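Here the structure is laid out as structure tokens; the discussion comes afterwards.
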Amino acid sequence: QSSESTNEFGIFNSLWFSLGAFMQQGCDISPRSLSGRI
Amino acid sequence: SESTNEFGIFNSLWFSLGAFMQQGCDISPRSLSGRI
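Chains B and C are the protein sequences, given in the same order.
Going from the first sequence to the authors' numbering is simple: count from 1 and add 562.
Going from the second sequence to the authors' numbering is simple: count from 1 and add 564.
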């Protein structure tokens, strides 16, 4: 499905983007949708 | 060119947001004046 594989943020990836944000490193993934960027 | 740049307004507000909070953004400018 292209609709539910559009983003790569899984629940395990979302824990990882939040971890690098708190430890002040840059993860390779970055939010794209507007409410995802909020 | 115009289609090569990924910078819309909705990307440009996001690049200046990640630059200010120092997290770093995935996109980066490629033109000379974009890097200024």
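In this text, a Cβ means the ideal position worked out from N, Cα and C, and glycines have one as well.
Item, Value
"Nearest-angstrom Cα distance between C/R599 and C/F579?", "12 Å"
"How about C/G588: is its C-beta nearer than 8 Å to some C-beta of chain B?", "yes"
"If you run the structure through DSSP and keep just helix, strand and coil, what is C/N569?", "coil"
"Name the chain C residues whose beta carbon is nearer than 7 Å to that of B/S592?", "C589 and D590"
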